[PDB]
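**Q** for now just these chains, pulled out of the complex without moving them:
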Amino acid sequence: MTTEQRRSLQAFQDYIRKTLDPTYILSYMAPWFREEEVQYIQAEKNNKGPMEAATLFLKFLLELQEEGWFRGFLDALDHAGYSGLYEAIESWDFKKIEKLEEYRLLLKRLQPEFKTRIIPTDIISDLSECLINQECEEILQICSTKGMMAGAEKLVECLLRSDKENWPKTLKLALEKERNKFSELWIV
Amino acid sequence: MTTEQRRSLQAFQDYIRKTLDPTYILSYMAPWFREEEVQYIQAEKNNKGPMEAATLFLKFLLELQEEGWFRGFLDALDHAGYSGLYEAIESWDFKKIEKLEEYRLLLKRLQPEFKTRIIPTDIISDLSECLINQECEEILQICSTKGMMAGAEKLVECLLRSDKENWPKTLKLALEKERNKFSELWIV
Amino acid sequence: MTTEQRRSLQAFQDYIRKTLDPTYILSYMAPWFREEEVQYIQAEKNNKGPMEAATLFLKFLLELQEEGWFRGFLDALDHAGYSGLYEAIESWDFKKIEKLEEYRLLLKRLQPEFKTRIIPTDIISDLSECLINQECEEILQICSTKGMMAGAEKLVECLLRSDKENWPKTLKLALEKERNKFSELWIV
Amino acid sequence: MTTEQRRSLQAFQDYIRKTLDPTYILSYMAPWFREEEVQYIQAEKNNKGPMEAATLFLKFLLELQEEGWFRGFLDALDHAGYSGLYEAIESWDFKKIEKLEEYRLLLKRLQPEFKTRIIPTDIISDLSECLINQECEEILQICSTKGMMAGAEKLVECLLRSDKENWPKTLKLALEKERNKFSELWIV
């Protein structure tokens, strides 16, 4: 049985990895994993990166034997703030996140001007709903300890990963108030 | 004699794997190991994570022939801050650390509130009494370069690993001081 | 063809690797790299340091099949502030950067004395063309949150990596105005 | 004609491997190896650690048929910062490296106090004169993200591997300035 929904996961992966960082839902997931190997995933985060860490989290997830673990995954996403994935996996329908792929690749090709133009601090408060908490609390720590560009850069990185339905819109809302710049460059 | 007490070590390897990060006692264990196997570890720690690194440290530990190596191991544990563990192996009695497993699973299942609620610094000093030094100067670099959540997350890791007899008490008091939060949550 | 310019690139990799920190060109290279490898380059920077990160960025760079990747790399270099490396690589002629290698070892030999003598806040603005932008705003934040010491030392780190034709001259001009005593200690 | 130096190389092994990290002189050695297999050695460095990675580099070193490989290897050592190993290998006499083995074992034995006592910053500048660059900036990235002891820990690791004739002295000189640590306890 379980194989059916895991298989639904297995075919339907790759949106997950490019949308997900396991560490947060790791904080949530402790009992379903051996206390060990959670660190494998984390060490993979700081070694290879969050995405590769995610695909490893998938490798470990899919092998999961015991019981009830699926709604564990779902609840983990939900309670950590990854919404559109909880939503999308409960309904198995991702169209939203794909229209996101549109705005995502747009940003990726537009990244440098984002870097120079933007001050990651003023706008973060506003589009914070669109981000994870650990996420939000970084950036500021980054541009606090490194610089406005580095911060912004990581901001983009976190944005490309976000599963939130409207985030390009709320972003546009956040700059269309604060000064302007990308208000003329970023459009919907 | 030696084999008997190795069999005693290996008998419950187990606890060790999840209570110890070998790099610190490597700092201490240096003359007894080839540099190659010390280097194997840390590659394992920084790739696979601290536990697997520990279980490997165990494989290599068990391989140790040369005179006095065990009391060497002990002096290393005592001197690294792993005192509460050395106590238990010198008497070969771990009951305390199991009682810990009680309060440990308490945290492990309860992690999210720790994540969001706690500011690791004030309390790090107090349960800095309660943790190993590397852990202590770390978590600072973490919550400094990543932010308070990451620090807290790691704090949980360091606590889950802690061998200190009373550490949940030390924590409970340390939080019963700073603001409240878990004072309404973490009790025993 | 492509292969010639790839191996011709590799022929020079020593200079590139030691003159470049890829994260900036990550801002530019976005559409040409997979996110996996982009984050990897970043994780190698933040774990092992900029040189290995660069060497990996090269390792990944050459692997690019798709067309225009080269002038992509170049435009990224030019537009990122790495101009003068771009210059030298576009003509495949590096003499300038080597004359630099001379003044570079000079600086590294007085680095402690430099570190102690120089106040980054005042001089940095003038030699801003001489550094990448992140390098500039990194260090404002340093000597702000760490101290003047770190600011100067890091100033040296970023300056030693500099690809600017004339930077020792520009440096002498920028310091020879504000104060300075160390002006007698630098030279032609 | 070639086998002769292959045989002498075979003899002076074990001195080589415990003194050497291969990936750097690989950055230099490109034309004699597969562009691949460099990755083998690299994966071995980050998997097994630098020494075993080196003994593999040795396995590969000896089997090399293609022209110029030896003096190529020498040039690789020299230009990579491995000079003094290079000296001894070009002259086939290791006197210095063994006198080093003396001070190397001393440090190995004083490692814990080293860990606690040392702040790897000021000293890195001076014994940056004493080390390979990749290592140094690694040391910094470590204590930047992992804390001061971890950094130092990597510092001792790199020092034991160091081939520089006078490095214990330059350490002592670097230490007698800013007395502050085991300048008494480290003597030469």
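**A** Structure received. Residues are numbered from 1 along each chain as shown, chains lettered A, B, ... in the order given.
**Q** the residue of chain A found nearest chain C: neighbouring residues, count only.
**A** Closest approach between chain A and chain C, counting by CB to the nearest CB: residue A:49, at 2.9 Å. (C-beta placed from N, C-alpha, C; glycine too.) Other residues within reach of residue A:49, judged by other CB atoms under 10 Å in any protein chain shown, total 22.
**Q** identify the residues contacting it.
**A** C:35, C:36, C:38, C:39, C:40, C:42, C:43 (CB atoms under 8 Å, 6 or more residues apart in numbering or on different chains).
**Q** which element is the fourth one on?
**A** Element membership of residue C:39 [criterion: DSSP states H and E] is helix C:35-48.
**Q** the nearest residue to the residue of chain A closest to chain C once chain neighbours are set aside - how many residues pack around it?
**A** Nearest non-adjacent residue to residue A:49, counting by CB to CB, 6 or more residues apart in numbering or on different chains: residue C:39, 2.9 Å away. Applying other CB under 10 Å, we find 20 residues neighbouring residue C:39.
**Q** and for the one 4 residues further on?
**A** The burial metric for residue C:43, expressed as a neighbour count using other CB under 10 Å, is 21.
**Q** my guess is it contacts residue A:47, does it?
**A** Yes: if you go by CB atoms under 8 Å, residue C:43 and residue A:47 touch, sitting 6.0 Å apart.
**Q** which stretches in chain A count as helices?
**A** Secondary structure of chain A by DSSP state H: the helices cover A:2-11, A:15-19, A:22-29, A:38-47, A:50-62, A:69-80, A:83-91, A:95-117, A:120-127, A:133-145, A:148-161, A:167-177.
**Q** adding distance to residue C:124, write these out as CSV.
**A** Converted to CSV, the helices of chain A look like this (distance: least, CB to CB, whole Å):
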stretch, distance to residue C:124
helix A:2-11, 51
helix A:15-19, 38
helix A:22-29, 36
helix A:38-47, 31
helix A:50-62, 33
helix A:69-80, 41
helix A:83-91, 43
helix A:95-117, 18
helix A:120-127, 21
helix A:133-145, 17
helix A:148-161, 15
helix A:167-177, 29
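**Q** what's the closest of these to residue D:93?
**A** Proximity to residue D:93, assessed across the helices of chain A by CB to CB, is greatest for helix A:38-47 (41.0 Å).
**Q** show me what that closest one is packed against.
**A** With contacts defined as 3 or more CB pairs under 8 Å, 6 or more residues apart in numbering or on different chains; DSSP states H and E, helix A:38-47 has these neighbours: helix A:22-29, helix A:50-62, helix B:35-47, helix B:50-62, helix C:35-48.
**Q** sequence for chain E below, add it please:
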Amino acid sequence: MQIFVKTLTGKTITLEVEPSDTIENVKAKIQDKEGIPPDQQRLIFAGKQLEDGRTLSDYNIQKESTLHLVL
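**A** Below, chain E sits with the chains from the block before:
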């Protein structure tokens, strides 16, 4: 609707409940099944104490959610 309750010993039990039900019911069914008195029971979901007065729907407990019992 039906959900899970996980003891520290490792044993795992499932309770039949409705979203409108109050923790009184759940604690009571666990009491009925395995014998744990209502006073010492503390159920946790996603690291939060479930309040006796409150119901499942406000706290967002779906079918096949997992509570950890502690005491």
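**Q** again for the neighbour count of residue A:49, since chain E is there now?
**A** 22.
**Q** can you count the residues close to residue 57?
**A** Just so you know, I chose chain A. 27.
**Q** that's the wrong chain, I meant chain E
**A** Neighbour number of residue E:57 under other CB under 10 Å is 12.
**Q** how far away is it from chain D?
**A** 44 Å (CB to the nearest CB, to the nearest Å).
**Q** now do the same contact list for the residue in chain E positioned nearest to chain B.
**A** Distances between chain E and chain B by CB to the nearest CB are smallest at residue E:47, namely 3.6 Å. Residue E:47 is in contact with A:28, B:109, B:110, B:111, B:112, B:113, B:114, counting by CB under 8 Å, 6+ apart.
**Q** return the distance of stretch A:18-32 from the chain's centre.
**A** Relative to the mean C-alpha coordinate of its chain, stretch A:18-32 is positioned 11 Å out (CA atoms, centre = their mean, to the nearest Å).
**Q** ok, that stretch near chain D or not?
**A** No: using CB under 8 Å from any CB of the partner chain, stretch A:18-32 never reaches chain D; the gap is at least 15.7 Å.
**Q** count the neighbours of residue A:134 for me.
**A** 23.
**Q** pretty sure it sits against residue B:151.
**A** No: counting by CB under 8 Å, residue A:134 stays clear of residue B:151, with 10.5 Å between them.
**Q** distance check, the closest residue in space to the residue of chain E closest to chain B that isn't next to it in sequence against residue B:181.
**A** Spatial nearest neighbour of residue E:47, excluding adjacent residues (CB to CB, 6+ apart): residue B:112 at 3.6 Å. The gap separating residue B:112 from residue B:181 is 12 Å, by CB to CB, to the nearest Å.
**Q** for chain D, see how far away the residue in chain A that chain E sits nearest to is.
**A** Chain A approaches chain E most closely through residue A:71 (3.8 Å), counting by CB to the nearest CB. As defined by CB to the nearest CB, residue A:71 lies at a distance of 36 Å from chain D.
**Q** do the same with residue A:183
**A** From residue A:183 across to chain D, the span is 36 Å (CB to the nearest CB).
**Q** spit out the contact partners of that residue.
**A** Residues near residue A:183 by CB under 8 Å, 6+ apart: A:172, A:175, A:176.
**Q** over to residue E:19?
**A** Residues near residue E:19 by CB under 8 Å, 6+ apart: E:1, E:55, E:56, E:57, E:61.
**Q** now the residues you listed: which count as buried?
**A** Among these, those buried by neighbour count (16 or more other CB atoms under 10 Å in any protein chain shown) are E:55, E:56, E:61.
**Q** the following sequence is to be added as chain F:
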Amino acid sequence: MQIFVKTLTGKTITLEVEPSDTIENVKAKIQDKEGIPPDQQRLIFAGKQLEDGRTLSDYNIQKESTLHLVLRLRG
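**A** That brings us to chain F, laid onto the chains above:
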């Protein structure tokens, strides 16, 4: 033209289509063949959710390509 569709069970179905068809049309044919309603149907190609409105030509589906079918699970 001919294409492949892969259910979660692993079995593969072979369908005759044209570039002009819109994913809704294909969905209508898959409903017509195996009985799964179009609403509940979700098709994947090269790791992308396929949109009902667009056409196969837009996603560049040539002859003998493979879509993976997924279903809406469940109650």
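**Q** need phi/psi at the residue in chain E that chain D sits nearest to.
**A** Residue of chain E nearest chain D, by CB to the nearest CB: residue E:47 (27.8 Å). Phi and psi for residue E:47, reported as degrees, to the nearest 10, are phi 70, psi 30.
**Q** against chain C, how distant is it?
**A** Using CB to the nearest CB, residue E:47 is found at 29 Å from chain C.
**Q** up against chain F, what does chain A have?
**A** By CB under 8 Å from any CB, the residues of chain A that approach chain F are A:4-5, A:7-8, A:11-15, A:91-95, A:97-98, A:101.
**Q** show me the beta-bridge partners of residue E:12.
**A** residue E:6 (DSSP bridges).
**Q** neighbours of it, how many?
**A** Count around residue E:12 with other CB under 10 Å applied: 13.
**Q** what segments of chain E are helices?
**A** Under DSSP H, chain E gives helices at E:23-34.
**Q** for it, which residues are neighbours of chain B?
**A** E:8, E:44, E:46, E:47, E:48, E:49, E:68, E:70.
**Q** ok, now which ones touch the third one?
**A** Contacts were defined as CB under 8 Å, 6+ apart; by that measure residue E:46 touches A:28, A:75, A:79, B:112.
**Q** now do the second one
**A** Neighbouring residues of residue E:44 by CB under 8 Å, 6+ apart: B:109, B:110, E:50, E:67, E:68, E:70.
**Q** quick one, which of the residues of chain A next to chain F are buried?
**A** By neighbour count, with 16+ other CB under 10 Å, these hold A:5, A:7, A:8, A:11, A:12, A:13, A:15, A:92, A:93, A:94, A:97, A:101 as buried.
**Q** nearest residue to the last one in space, please, no chain neighbours.
**A** Spelled out, that is residue A:101. residue F:48 (7.9 Å).
**Q** what of the fourth one?
**A** When the adjacent residues along the chain are set aside, residue A:11 lies closest to residue F:68, with 4.6 Å between them (CB to CB, 6+ apart).
**Q** distance of the closest residue to residue A:74 other than its chain neighbours relative to residue B:149?
**A** Closest residue in space to residue A:74, ignoring its immediate chain neighbours: residue A:86 at 5.5 Å, by CB to CB, 6+ apart. Separation of residue A:86 from residue B:149 (CB to CB) stands at 20 Å.
**Q** higher neighbour count, those two?
**A** Higher neighbour count among residue A:86 and residue B:149: residue B:149, with 26 against 21, using other CB under 10 Å.
**Q** so that one touches residue A:137, yeah?
**A** Yes: the pair residue B:149 and residue A:137 qualifies as a contact (CB under 8 Å) at a distance of 5.3 Å.
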